[PDB]
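> Could you have a look at this structure, given as structure tokens, before my questions?
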Amino acid sequence: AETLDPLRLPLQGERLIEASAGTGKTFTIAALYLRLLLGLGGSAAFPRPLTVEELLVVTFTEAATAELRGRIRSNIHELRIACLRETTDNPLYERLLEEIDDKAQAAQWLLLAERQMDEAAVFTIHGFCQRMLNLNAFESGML
Amino acid sequence: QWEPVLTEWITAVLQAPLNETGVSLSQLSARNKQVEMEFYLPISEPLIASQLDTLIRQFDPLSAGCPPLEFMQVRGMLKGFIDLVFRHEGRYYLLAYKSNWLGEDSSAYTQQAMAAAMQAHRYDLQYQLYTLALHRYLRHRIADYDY
Amino acid sequence: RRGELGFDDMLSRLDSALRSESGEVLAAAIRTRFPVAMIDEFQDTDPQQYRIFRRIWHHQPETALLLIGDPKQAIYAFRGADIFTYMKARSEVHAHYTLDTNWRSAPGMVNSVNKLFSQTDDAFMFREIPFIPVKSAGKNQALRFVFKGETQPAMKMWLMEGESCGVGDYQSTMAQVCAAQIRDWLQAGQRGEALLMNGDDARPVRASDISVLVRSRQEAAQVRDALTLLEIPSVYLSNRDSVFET
Amino acid sequence: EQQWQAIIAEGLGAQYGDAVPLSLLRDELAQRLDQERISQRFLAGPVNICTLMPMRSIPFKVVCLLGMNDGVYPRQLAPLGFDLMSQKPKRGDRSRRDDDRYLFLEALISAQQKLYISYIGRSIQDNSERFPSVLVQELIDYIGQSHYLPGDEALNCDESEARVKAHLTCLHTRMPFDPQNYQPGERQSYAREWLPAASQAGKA
Amino acid sequence: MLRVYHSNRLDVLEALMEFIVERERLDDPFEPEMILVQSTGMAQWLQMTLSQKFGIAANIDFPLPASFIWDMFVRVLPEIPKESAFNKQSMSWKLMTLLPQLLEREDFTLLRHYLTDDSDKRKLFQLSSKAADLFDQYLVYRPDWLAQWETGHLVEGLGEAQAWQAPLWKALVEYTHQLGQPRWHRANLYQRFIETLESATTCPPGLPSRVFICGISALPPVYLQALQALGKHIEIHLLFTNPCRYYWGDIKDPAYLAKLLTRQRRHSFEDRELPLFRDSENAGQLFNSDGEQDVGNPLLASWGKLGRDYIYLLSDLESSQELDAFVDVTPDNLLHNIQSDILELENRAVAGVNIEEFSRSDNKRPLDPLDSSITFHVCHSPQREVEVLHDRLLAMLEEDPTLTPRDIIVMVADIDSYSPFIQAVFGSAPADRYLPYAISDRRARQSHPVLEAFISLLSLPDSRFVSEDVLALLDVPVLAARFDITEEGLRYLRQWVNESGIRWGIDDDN
Amino acid sequence: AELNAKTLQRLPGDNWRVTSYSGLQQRXXXXXXXXXXXXXXXXXXXX
Amino acid sequence: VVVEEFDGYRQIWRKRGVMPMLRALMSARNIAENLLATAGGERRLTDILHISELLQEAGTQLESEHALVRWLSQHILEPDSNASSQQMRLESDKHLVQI
Ligand SMILES: Nc1ncnc2c1ncn2[C@@H]1O[C@H](COP(=O)(O)OP(=O)(O)NP(=O)(O)O)[C@@H](O)[C@H]1O
Ligand SMILES: [Mg+2]
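Chains as they are written, first to last, in the authors' numbering: chain A, 5 to 147; chain B, 985 to 1131; chain C, 345 to 590; chain D, 613 to 816; chain E, 1 to 510; chain F, 886 to 932; chain G, 640 to 738.
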């Protein structure tokens, strides 16, 4: 087992992150989400930047989906604000901004994401399969 | 049960001559037809019954029948559908179909009883109102219009 | 026949759909739709669930997958979740990653728990579930709770008196005592003596910040009846009872 | 009869021979009977309640918007998923979401005096949290970034922002008899029926 | 000629239409006046507004653009049937034929895995319905394709699953030929329609004098291709509201901005175009190869993505004569500040780009504490929420002398979820307090019980005939009336059934 | 505290209505009630 | 007199629907106040209001005045589990023990 840096994690193939309670497991999901939106981490980064509607997050409770949806909304907002101010008072955003190359284009993608946040993909499983079937029906052999 | 019963009757309708001009419904070209006109007639200051039905009764023989019509003060728009409007001899007309009458078949429709039912269902005020509408619409459309 | 559907039936039908020969087309669409997936609270996982996520993302390039879970926390077995399938996934994943520090609670609470689970070896009695000590953060270092002046230790175990105890006696007494302790914190909370303090900052203890965790319903009612007897208004958040029964 | 025979007539005129199970028609007709809507009284003059309809925009002095909770609006109907249009859009494509997003702009442009926007903050039942729709979110963002209250004319961008956004947002209470409603001020309730309750003037 | 009327607000445009009717009067009295609307409410409004000015309004035809355009093919071209040969309905019943025949065609295989599994035919019908719906959409918005698949060619650069759609389409054209029903349809027709008006005498018979497009902000490009070529004959007026007075649309190619540098003449004063001429083209606005970037107001950029494409269409018409009447709004209230900032297309958001900007807050606009123009209200339940709305409506009426409840609207995501609550609070209001209301778009339920009971009657062959379920059929007083079971006697059939041990299905056979 | 509810002064709203002639005959409350049909009836005993 | 007032209530019931009636009854009887005076009655009052709010939702879909009393009993028998008929939190005014 290796210790984790949110910004060092390669996002390729399957990856398991394990840690005890209160360790900020939920808290990290935000950071990886942003990272995914911007395509950051370099070597550890995903091949190409992704669109809010292409990111799947699956959580345990309907309430948790609401909360996490909100937190991701806020964090995208704040990070955008920072990208326009080029400085920030929070350490994680500060490291992200050190990694980011062009801050302007970054702010543009962020804005677009922020708009897309309505249809942003967050579900539970029982809320996921629900959608997915009704999405692609033939394959699934559904009405 | 109807089709052979209807197709005869309709012909009797379309073939009936009308008014004094003796017009047959059959004679009307689609150029002179206007079917089912919807109109909106604005009424500006509140329209009070008694301030009207006196004007009605005064010039109207038909409004002698039954009490003065009673409706609460109203200000607003008025709606209606002309069944049919057509012009013959350069002269317009206003046509409205009515059906009803559960009880009867024969002469229970006469010059008298028609005028009776008109006064019973208050089609009086109705036709007067349309005539107002058609009037304003012609005054609008026809250059140099005269009632 | 009715063309209806249900919760278990949803998951089941997606699993079956993938399972079928045609389903491989299906999977291809999803790998297009979501070329990443981050599953949270994965320590609770079903055989079906893992069969799905694997069959979709276990292979092909350019798709990621992120499983997030603490196997210590999987309590939902009754609902059909299974730890063993989690341990299976843990087996078939080459990479592991660990987060070091607890950010949630006081520096006292960390050391308390660590002490309590270090008492034996292999506390969780699954060789595959080792306990490890965790370290509090620096943001929390100043956290303290004060009740009538001097700080109250982070954890207080209330030991019953007497020799043999049946479940009923225990449920009466302990609920009652909990209530008595709760109203004391409150009365000291309205006078501003007892405080939740991060460093110099504080706030009195409102009946909001207290939570009482119980295993089952009857238990919870047992708590409330005594706790409202002391004129403390209380809610039960898991209550599934319907209005019409009142 | 009219609807039923309309269905079957649709069938015959299409030249469909095979025997048909009843369960096919029974569930067509169900769809056919509720399809109708009654808009008649729209502009009669009684204050107007109605859903947001595309391409209907009528200038008004006062526009109210309810149920802006996130995820309820905009409204979502996915494309069929084997649709080719949704794959490669051209200019004039219409998609329900963009329709709603544009409506919320229309209604803004249309209100000539008072705009009124409401959403459920907290589920009354569990006191869970709820959220505003992303549109309302963008709007309150724009307001708060473009204006400042006259109280602090030098404070800060973000601080004056959250300040304003606090001034524009009203949190109405959970119960009608909550006496906060009746404390004399700007927002005060016209319902006198709950007043003696709020005053707590009743005898046990 | 095709005239285009741009405006800030509708009340201008409606009045312009009034002026157009006023100056010029159709010769024939009975020729109705064509005004296109996309809804009923818009129509009803237009009437109520005209009739107030003229003193009456009647004979004004209010079709849908699709229905109208269809009506018009019949007039320009012979042989066309009055209703077309392809419908969102009939095409269903035809596909429900073709598909079984076409299974295992080596192409439709993907379908063959879907259907052949099993059915009472339910699935086949669902699929039929949806396919029909698409082909209709394609007809309107993508006729070139159906021209392709009608041939048997395929379209390059087109998503997968085409392959099983096209041959189904061809099979539909051919099959509906075999039934002999009229070949003509909206896709192949509109092209020859445009072409026959292209070279024609300016006076084809049967076409109406002048036509209006009022309040419709979305038309498929095909209809504009059509109406443009129509403009050579009949005078058409586009009444179009757009918030921004400048050009907030996109740019095709840097060679396409030249054509879009033309000007919009203003009836009120003088011709006008967008600001900063060619410099705003380079700028940051029209950037890369993509459309407009900054788009000025951040709101408009995000929300207006529809009117974007549409206003981009309208400016693409060659013969179109565009003129612009925009009524400036004077910023006072918060609301007017917003509607303004949208109108002149400026960004009033203070970013805090740099710290010297970021400290002082006064360069925002000041906001009076008294303004109710834009207000946000957080409630707990739908009930409580509507109930607050009521109070604020009253307060708004009391605060201004002329406000007619006619002037107030209340809009909802889904009206049926909020109907009962509205009907509750507006209904219970006491006299002095009580104000009238009308709910539109409620699902229209004229008779609940007969419909439901009847559907359950179609459900018999399945039905298990549970006692309570049979009695619910007696609940409906008509179905009892047929069987002359009075309501008083029906109290007995409640106990007897209970007491006599009637529970399970009807017969031994069942 | 003391507390009170405000009370509207002006009428909630006057009469502005869009009606047909049907919204005119309406119904009569009082001695005379207006209906299309005639209340008086005569039985026929011829058979 | 009592018989009379209820007879007016039936009128409100038929014309204006349900919730208006129960409103009128609550005002006239002063119950909504007298419960809040009574200890614990706050909860009881929440239940009453809640039930009324449901009698609207089922009140519209059913046309009859009488079939509604039909309906309410049937739900008194089977409470089910279902979400909306689940009890609302009693009061958010006072901070509460979240058990
Ligand atoms: N990197 C961090 N920096 C600052 N605060 C943090 C960080 N990570 C977590 N927190 C805080 O610590 C608490 C626990 O975070 P959380 O994400 O719930 O961990 P978790 O693993 O999901 N807990 P649980 O869901 O019970 O296992 C929250 O109150 C967070 O705000
Ligand atoms: Mg967590």
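Backbone N, C-alpha and C define an ideal beta-carbon position, used for all residues, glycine too.
Using a beta-carbon distance cut-off of less than 7 Å, what residues from the region 730–750 of chain D approach chain G?
Answer set for the region 730–750 of chain D: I736, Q737, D738 and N739.
> Taking 6 Å as the cut-off, does the CB of residue 300 of chain C come closer than this to any heavy atom belonging to ligand 1?
What the structure shows of chain C is the stretch from 345 to 590, and residue 300 of chain C is not part of that stretch, so it cannot be assessed.
> Does the distance from the C-beta atom of C/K479 to that of C/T445 stay below 7 Å?
Residue numbering aside, residue 479 of chain C sits at position 135 when the third sequence is read from its first letter. Residue numbering aside, residue 445 of chain C sits at position 101 when the third sequence is read from its first letter. In this structure, C/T445 lies closer than 7 Å to C/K479 by Cβ.
> Using 6 Å as the cut-off, classify the Cβ of A/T30 as near or not near the heavy atoms of ligand 1, replying yes or no.
Here residue 30 of chain A corresponds to residue number 26 of the first sequence, with the count starting at 1. Yes, since a heavy atom of ligand 1 falls inside the 6 Å radius drawn around the Cβ of A/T30.
> Is any non-hydrogen atom of ligand 1 found closer than 6 Å to the C-beta of A/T65, if you look at the structure I gave you?
Residue mapping note: residue 65 of chain A aligns to position 61 of the first sequence, counting from 1. No - ligand 1 has no heavy atom lying nearer than 6 Å to the Cβ of A/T65.
> Within 10 angstroms of the Cβ of B/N1003, are there 16 or more other Cβ atoms? Answer buried if so, exposed if not.
For this step, residue 1003 of chain B is matched to residue 19 along the second sequence. With fewer than 16 other Cβ atoms within 10 Å, it is exposed.
> Does D/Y802 have its Cβ less than 7 Å from a Cβ in chain I?
Within the model displayed, chain I is absent; protein chains A, B, C, D, E, F and G are what it includes.
> For chain E, find out if any of its Cβ atoms is closer than 7 Å to the Cβ of D/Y794; answer yes or no.
Indexing the fourth sequence from 1 puts residue 794 of chain D at position 182. No, its Cβ sits nowhere closer than 7 Å to a Cβ of chain E.
> Report yes if the C-beta of A/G26 is less than 6 Å from at least one heavy atom of ligand 1; otherwise report no.
Locating residue 26 of chain A in the first sequence gives position 22, counting from the first residue. For ligand 1, at least one heavy atom lies less than 6 Å from the Cβ of A/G26.
> Since E/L2 contacts E/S199 with CB under 8 Å, what's their CB separation in whole angstroms?
Along the fifth sequence, read from residue 1 onward, the residue named residue 2 of chain E stands at position 2. Along the fifth sequence, read from residue 1 onward, the residue named residue 199 of chain E stands at position 199. So it is not a contact: roughly 18 Å between Cβ atoms.
> Scan the region 518–548 of chain C and note each continuous beta strand (DSSP E) run of 3 residues or more that stays entirely inside, going in chain order.
Counting whole runs of 3 or more residues, the region 518–548 of chain C contains the beta strand (DSSP E) stretches 539–542.
> With a threshold of 7 Å between beta-carbons, can F/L888 be considered close to chain B, or not?
Position 3 of the sixth sequence, counting from 1, holds the residue named residue 888 of chain F. Answer no: the Cβ-Cβ gap between F/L888 and chain B never drops below 7 Å.
> Please confirm whether B/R1120 has its beta-carbon closer than 7 Å to some beta-carbon of chain E.
On the second sequence, position 136 is the one that residue 1120 of chain B refers to. Chain E, which has a Cβ nearer than 7 Å to the Cβ of B/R1120, makes this yes.
> So is D/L807 in contact with chain F if we call contact Cβ pairs under 7 Å?
The count along the fourth sequence starts at 1 and reaches residue 807 of chain D at position 195. D/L807 counts as touching chain F.
> Kindly examine ligand 3 and report whether one of its heavy atoms sits closer than 6 Å to the Cβ of E/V173.
Because ligand 3 does not appear in the structure shown, any question about it cannot be addressed here, the ligands present being ligand 1 and ligand 2.
> In terms of residue numbering, what span does the alpha helix (DSSP H) encompassing E/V497 cover?
One-based indexing of the fifth sequence puts residue 497 of chain E at position 497. Start and end: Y492 to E499.
> Name the two residues that bound the continuous alpha helix (DSSP H) containing C/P391.
On the third sequence, position 47 is the one that residue 391 of chain C refers to. Residues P391 to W401.
> On the DSSP bridge list, what partners appear for F/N900?
As a working mapping, residue 900 of chain F is identified with position 15 in the sixth sequence. In the DSSP output, where bridge partners are listed per residue, F/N900 has none listed.
> Taking DSSP as the reference, what is the three-state secondary structure of D/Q652?
The residue labelled residue 652 of chain D in the question sits at position 40 within the fourth sequence. Note: D/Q652 maps to coil in three-state DSSP.
> Which one of A/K107, A/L100 and A/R135 has the shortest CA to CA distance from A/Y37?
Numbered from its first residue, the first sequence carries residue 37 of chain A at position 33. A/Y37 has its Cα closest to that of A/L100, out of A/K107, A/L100 and A/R135.
> Taking Cβ to Cβ, would you say D/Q757 is nearer than 7 Å to E/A349?
Counted from its first residue, the fourth sequence places residue 757 of chain D at position 145. Counted from its first residue, the fifth sequence places residue 349 of chain E at position 349. Yes; because the gap between Cβ atoms is below 7 Å, this pair is in contact.
> Would you mind giving the Cβ-Cβ distance between D/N660 and E/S440, rounded to the nearest angstrom? I have them listed as a contact below 8 Å.
Here residue 660 of chain D refers to the residue found at position 48 of the fourth sequence. Here residue 440 of chain E refers to the residue found at position 440 of the fifth sequence. 7 Å between Cβ atoms; contact.
> Taking the beta carbon of D/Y760 as the centre, do at least 16 other beta carbons fall within 10 Å, making it buried, or is it exposed?
Counted from its first residue, the fourth sequence places residue 760 of chain D at position 148. With 16 or more Cβ atoms within 10 Å of its Cβ, D/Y760 is classed as buried.
> Could you tell me whether the Cβ of F/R895 comes closer than 7 Å to any Cβ of chain D?
Position 10 of the sixth sequence, counted from the start, is the residue given in the question as residue 895 of chain F. With 7 Å as the cut-off, F/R895 does not count as an interface residue toward chain D.
> Three-state secondary structure (DSSP) at C/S456?
One-based indexing of the third sequence puts residue 456 of chain C at position 112. C/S456: helix per DSSP, three-state reduction.
> Quick one: give me the first and last residue of the beta strand (DSSP E) that B/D1044 is part of.
Mapped onto the second sequence, residue 1044 of chain B falls at position 60. First-last for B/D1044: undefined, no H or E at that position.
> Starting from the Cα of C/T429, find the closest Cα among C/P415, C/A439 and C/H438 and give me that residue.
Reading the third sequence from its first residue, position 85 is the one you call residue 429 of chain C. Here the closest residue by C-alpha is C/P415.
> Between the C-alpha atoms of E/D271 and E/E322, what's the straight-line distance to the nearest angstrom?
Position 271 of the fifth sequence holds residue 271 of chain E. Position 322 of the fifth sequence holds residue 322 of chain E. Distance between the alpha carbons of E/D271 and E/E322 is about 10 Å.
> Across the region 1006–1021 of chain B and the region 1087–1094 of chain B, are there enough close Cβ pairs to call them in contact, namely three or more that are closer than 8 Å?
They do not touch, by the three-pair rule.
> Curious, which full-length beta strand (DSSP E) runs of at least 3 residues does the region 354–440 of chain C contain?
Complete beta strand (DSSP E) runs here, min 3: 381–383 and 408–412.
> With a cut-off of 7 Å, does the C-beta of E/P29 fall near any C-beta of chain D?
Start at 1 with the first residue of the fifth sequence, and residue 29 of chain E comes out as number 29. So no, E/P29 is outside the interface.
> Run through the region 26–82 of chain E for me and flag every whole alpha helix (DSSP H) of 4 or more residues, listed as ranges in chain order.
DSSP runs (the alpha helix (DSSP H)) wholly in the region 26–82 of chain E: 40–54 and 65–76.
> At 9 Å on the CB atoms, spell out the chain C contacts of A/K29, in chain order.
Locating residue 29 of chain A in the first sequence gives position 25, where the first residue counts as 1. Going along chain C in sequence order, the residues near A/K29 (Cβ under 9 Å) are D384, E385, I412, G413, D414 and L443.
> So if I threshold CB-CB distances at 8 Å, which residues from the region 678–696 of chain D count as touching chain A?
Within the region 678–696 of chain D, the residues whose Cβ lies closer than 8 Å to some Cβ of chain A are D682, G683, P686, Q688, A690, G693 and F694, listed in chain order.
> Please report whether the beta-carbon of A/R19 lies at a distance below 7 Å from any beta-carbon of chain E.
Taking the first residue of the first sequence as position 1, residue 19 of chain A is located at position 15. Not one chain E Cβ lies under 7 Å of A/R19.
> Under 9 Å Cβ-Cβ, which residues of chain D neighbour E/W93?
In the fifth sequence, residue 93 of chain E corresponds to position 93, counting from 1. The answer, in chain order, is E622, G623, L624, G625, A626, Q627 and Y628.
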